[PDB]
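Novice: One structure follows; several queries about it will come next.
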Amino acid sequence: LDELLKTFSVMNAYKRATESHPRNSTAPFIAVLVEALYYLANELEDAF
Amino acid sequence: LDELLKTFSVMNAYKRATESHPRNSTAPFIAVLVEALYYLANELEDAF
Amino acid sequence: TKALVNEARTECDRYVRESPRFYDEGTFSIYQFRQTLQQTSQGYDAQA
Amino acid sequence: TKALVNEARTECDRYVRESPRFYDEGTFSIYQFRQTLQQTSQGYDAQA
Amino acid sequence: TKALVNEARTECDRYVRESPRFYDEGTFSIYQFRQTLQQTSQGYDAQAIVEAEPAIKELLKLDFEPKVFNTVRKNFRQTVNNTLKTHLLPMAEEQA
Amino acid sequence: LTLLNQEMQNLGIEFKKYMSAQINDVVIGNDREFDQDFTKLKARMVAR
């Protein structure tokens, strides 16, 4: 967890926002937070 | 547009939030707004 | 037909991004969810 | 193995939902984006 | 069925442990037995203790009522929803 | 023969669509039948 969140970058969550939506090519500023939870949670889940 | 947003319901955007994420089964309260933009935009796009 | 369809879709992709008008303290507050989270929404549902 | 995996995933699904601690005026404000939107982020990018 | 049964049993194993609410001086005192032991319960029986039955019932209600309500109302709903989706979809994808 | 498999491929894609729709209705309570059984479960335990 400490290593995972320490290396967290805005240029990694915003990467996934575009992928999640095949049609739209412009994500809102607020979408950064939402993708952060899933990126920081799904990755943590795989560890267990 | 007037008809589309008039019939907009919280029980229609939250429907899509679960669909967008196959793994997670619990969306944050903030995710309602994000899905509203795409639902209210993609539907509008098809009209043109 | 192809040219207009592409042009129309490109403009339709700009509505998603939130303008400054999208946020307004008086019109709506994002922090009212706390009132629904501060021992108000008991279960992990989206009914309240 | 199957039982523990299912149980572990179920708990991992609860982190995504935002707790009241997730929001804190002093720690971080969601409205600072306006400073990046009020004639600050010129292009439709996510660099600023 | 197996997954839910195991998960349900695991939660059911947490009620047994006593919470701080389980003990309360005013609600019930463990030392009232001395009154039944200080030359009160003559024989090696458990008949005089029946007089204390009304008090213990209230104590158990206080201990369990918050725990049981907490689980069914909040926790149980989440497990069923996630469990069904986490297993059904991968099976459906494999069906394709 | 060059067209038989095209129908088969759509069948797989379409099959997941129906399954995803039915399961989604359960997570939110759209399926009224599931809710009636679920509330019965809660009542029995509290009464028990």
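By order in the structure tokens, chains are A, B, ...; within a chain, residues start at 1; ligands start at 1, following the order shown.
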Could you tell me, as an NGL selection string, which residues of chain C DSSP assigns to helix (DSSP H, G or I) when given the backbone?
Specialist: :C and (2-12 or 20-22 or 30-37)
Novice: Give me a file of those residues, with C-alpha atoms, as an mmCIF file, in the first residue's frame.
Specialist:
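This is the output file out-v2.cif:
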```
data_model
loop_
_atom_site.group_PDB
_atom_site.id
_atom_site.type_symbol
_atom_site.label_atom_id
_atom_site.label_comp_id
_atom_site.auth_asym_id
_atom_site.auth_seq_id
_atom_site.Cartn_x
_atom_site.Cartn_y
_atom_site.Cartn_z
ATOM 1 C CA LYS C 2 -19.326 10.636 -43.455
ATOM 2 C CA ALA C 3 -17.909 14.159 -43.180
ATOM 3 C CA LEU C 4 -20.915 15.604 -41.346
ATOM 4 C CA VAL C 5 -21.182 12.607 -39.011
ATOM 5 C CA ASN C 6 -17.548 12.978 -37.954
ATOM 6 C CA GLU C 7 -17.918 16.738 -37.500
ATOM 7 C CA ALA C 8 -21.124 16.351 -35.484
ATOM 8 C CA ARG C 9 -19.565 13.747 -33.188
ATOM 9 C CA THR C 10 -16.515 15.947 -32.583
ATOM 10 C CA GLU C 11 -18.692 18.780 -31.276
ATOM 11 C CA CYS C 12 -20.758 16.315 -29.236
ATOM 12 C CA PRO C 20 -17.541 26.816 -14.790
ATOM 13 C CA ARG C 21 -21.329 27.190 -14.876
ATOM 14 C CA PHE C 22 -21.573 23.475 -14.050
ATOM 15 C CA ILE C 30 -21.677 18.599 -3.770
ATOM 16 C CA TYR C 31 -21.259 18.408 0.019
ATOM 17 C CA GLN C 32 -24.939 17.766 0.778
ATOM 18 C CA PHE C 33 -24.111 14.071 0.331
ATOM 19 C CA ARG C 34 -22.468 14.228 3.761
ATOM 20 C CA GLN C 35 -25.943 14.871 5.164
ATOM 21 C CA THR C 36 -26.905 11.572 3.511
ATOM 22 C CA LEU C 37 -23.671 9.942 4.752
#
```
Novice: What are the closest atom pairs, with distances in Å to one decimal, for all residues of chain D lying within 10 Å of chain B? Consider only C-alpha atoms, order rows by chain and residue number, and present the result as CSV.
Specialist:
```
residue,atom,partner,partner_atom,distance
D:9,CA,B:24,CA,9.7
D:10,CA,B:25,CA,9.6
D:12,CA,B:24,CA,9.2
D:13,CA,B:24,CA,6.3
D:14,CA,B:26,CA,7.6
D:15,CA,B:26,CA,9.5
D:16,CA,B:28,CA,7.0
D:17,CA,B:28,CA,5.1
D:18,CA,B:28,CA,6.3
D:19,CA,B:28,CA,9.6
```
Novice: Quick one: contact table of chain E to chain F, 8 Å max, nearest atom pair and distance in Å to one decimal per residue, counting only C-alpha atoms, chain and number order, as JSON lines?
Specialist:
```
{"residue": "E:72", "atom": "CA", "partner": "F:42", "partner_atom": "CA", "distance": 7.1}
{"residue": "E:81", "atom": "CA", "partner": "F:27", "partner_atom": "CA", "distance": 5.6}
{"residue": "E:85", "atom": "CA", "partner": "F:23", "partner_atom": "CA", "distance": 6.9}
{"residue": "E:89", "atom": "CA", "partner": "F:20", "partner_atom": "CA", "distance": 7.4}
{"residue": "E:92", "atom": "CA", "partner": "F:16", "partner_atom": "CA", "distance": 6.5}
{"residue": "E:93", "atom": "CA", "partner": "F:16", "partner_atom": "CA", "distance": 6.9}
{"residue": "E:96", "atom": "CA", "partner": "F:12", "partner_atom": "CA", "distance": 5.0}
```
Novice: Could you take the residues named above and write them with N, CA, C and O atoms, as a PDB file, in the first residue's frame?
Specialist:
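To be explicit, this is the file written out as result-v2.pdb:
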```
ATOM      1  N   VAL E  72     -27.224  -7.682   9.610  1.00  0.00           N
ATOM      2  CA  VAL E  72     -28.268  -7.909   8.614  1.00  0.00           C
ATOM      3  C   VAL E  72     -28.578  -6.624   7.859  1.00  0.00           C
ATOM      4  O   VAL E  72     -28.739  -6.632   6.632  1.00  0.00           O
ATOM      5  N   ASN E  81     -24.897  -9.216  -3.067  1.00  0.00           N
ATOM      6  CA  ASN E  81     -24.847  -8.565  -4.372  1.00  0.00           C
ATOM      7  C   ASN E  81     -23.508  -8.804  -5.056  1.00  0.00           C
ATOM      8  O   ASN E  81     -23.455  -9.213  -6.222  1.00  0.00           O
ATOM      9  N   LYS E  85     -22.524 -11.350  -8.556  1.00  0.00           N
ATOM     10  CA  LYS E  85     -21.953 -10.773  -9.768  1.00  0.00           C
ATOM     11  C   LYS E  85     -20.534 -11.271 -10.007  1.00  0.00           C
ATOM     12  O   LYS E  85     -20.149 -11.541 -11.150  1.00  0.00           O
ATOM     13  N   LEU E  89     -20.834 -13.556 -13.778  1.00  0.00           N
ATOM     14  CA  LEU E  89     -20.282 -12.991 -15.008  1.00  0.00           C
ATOM     15  C   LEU E  89     -19.123 -13.807 -15.561  1.00  0.00           C
ATOM     16  O   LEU E  89     -19.151 -14.142 -16.758  1.00  0.00           O
ATOM     17  N   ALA E  92     -20.503 -16.699 -17.255  1.00  0.00           N
ATOM     18  CA  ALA E  92     -21.158 -16.338 -18.506  1.00  0.00           C
ATOM     19  C   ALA E  92     -20.136 -16.072 -19.603  1.00  0.00           C
ATOM     20  O   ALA E  92     -20.317 -16.500 -20.748  1.00  0.00           O
ATOM     21  N   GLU E  93     -19.054 -15.365 -19.270  1.00  0.00           N
ATOM     22  CA  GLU E  93     -18.011 -15.114 -20.257  1.00  0.00           C
ATOM     23  C   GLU E  93     -17.399 -16.422 -20.741  1.00  0.00           C
ATOM     24  O   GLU E  93     -17.151 -16.595 -21.939  1.00  0.00           O
ATOM     25  N   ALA E  96     -19.367 -18.040 -23.428  1.00  0.00           N
ATOM     26  CA  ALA E  96     -19.147 -17.546 -24.782  1.00  0.00           C
ATOM     27  C   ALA E  96     -17.959 -18.218 -25.454  1.00  0.00           C
ATOM     28  O   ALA E  96     -17.901 -18.259 -26.687  1.00  0.00           O
TER      29      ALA E  96
END
```
Novice: Could you list, as a list in words, every residue of chain B that has an atom within 8 Å of an atom of chain F, counting only C-alpha atoms?
Specialist: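 Only these qualify: residues 15, 18, 19 and 25 of chain B.
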Novice: One decimal, Å: what's the distance from atom CA of residue 21 of chain B over to atom CA of residue 9 of chain E, could you say?
Specialist: 29.1 Å
Novice: Distance atom CA of residue 37 of chain F-atom CA of residue 13 of chain B, one decimal place?
Specialist: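 Calculated distance between atom CA of residue 37 of chain F and atom CA of residue 13 of chain B is 25.6 Å.
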